[PDB]
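Two versions of one and the same chain are coming, encoded as structure tokens; call them structure 1 and structure 2.
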Structure 1
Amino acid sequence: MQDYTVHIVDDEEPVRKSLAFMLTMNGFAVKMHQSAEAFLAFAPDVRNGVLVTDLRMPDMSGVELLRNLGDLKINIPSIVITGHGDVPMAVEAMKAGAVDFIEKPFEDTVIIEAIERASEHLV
């Protein structure tokens, strides 16, 4: 079986803990990051990891995070969670290299399938 880690980034702690807890209850190895900046500083050390990030985050957006990762010469399959009915954000996220976007609110089954898909990109 594959042993990958799901890295979660969200500006709202309650939403972050909700997702994290749900994925762990489903058997995924999960790591919650305090902010986009914290994940960016942790990124060089990631091995066999997938990223699930929120898009609208005041300090650093999900898109900007994706562009910074690219600058670090690092490729981490990413799923971007976008605001309800926010088309500009989903489009920009895909143009930025995200494996896929997920519109919230979302069904656990759906985010779980999106994560399994991103893991397809792990070498």
Structure 2
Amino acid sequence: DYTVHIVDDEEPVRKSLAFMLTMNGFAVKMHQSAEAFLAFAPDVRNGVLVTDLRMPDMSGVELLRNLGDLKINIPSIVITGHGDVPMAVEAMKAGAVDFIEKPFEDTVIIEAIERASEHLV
């Protein structure tokens, strides 16, 4: 019993990330944007964080940077872009438990979340 908190700058859409995770029995809680999650983060208990924000303006590396400046224990999975190396390297340098180069299928994302749900209890 743990929650997967997603954070994407993209419109809902019946078929993308959250709805997949929930079709697979996962407790999912979506968030409109980084600042929105940043402003709720203090109130999270037993959850895993899965970022994924494309635009370099507000990257997932900075969202991890800010969570570190509050001393929050949220095991994260920073989804990156196809062939984006420095970012995926920067994320592991920001406390990230893993990364996932896009595209990706259910399997890998589900697996990785479970390996993150270890760093909890």
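Only the largest set of C-alpha atoms that superpose within 1.5 Å between the two forms is called the rigid core. Counting starts at 1 and follows the sequence of structure 1. Shifts are known only where both forms have a C-alpha.
Student: Quick check on the comparison between structure 1 and structure 2: with the core aligned, only one of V30, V46, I79, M57 should show a Cα shift of at least 2 Å. Which one is it?
Tutor: It is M57.
Student: So that I can tell if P105 moves, could you say whether its C-alpha shifts by at least 2 Å between structure 1 and structure 2 after the core superposition?
Tutor: Shift at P105: below 2 Å after core fit.
Student: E13: how large is its C-alpha shift between structure 1 and structure 2, with the rigid core as the superposition reference, in Å?
Tutor: Its alpha carbon moves by 2.2 Å.
Student: For residues common to both forms, which consecutive runs of 3 or more show C-alpha displacement of 2 Å or more between structure 1 and structure 2 upon rigid core superposition, listed in sequence order?
Tutor: Shifted segments: 13-17, 55-60.
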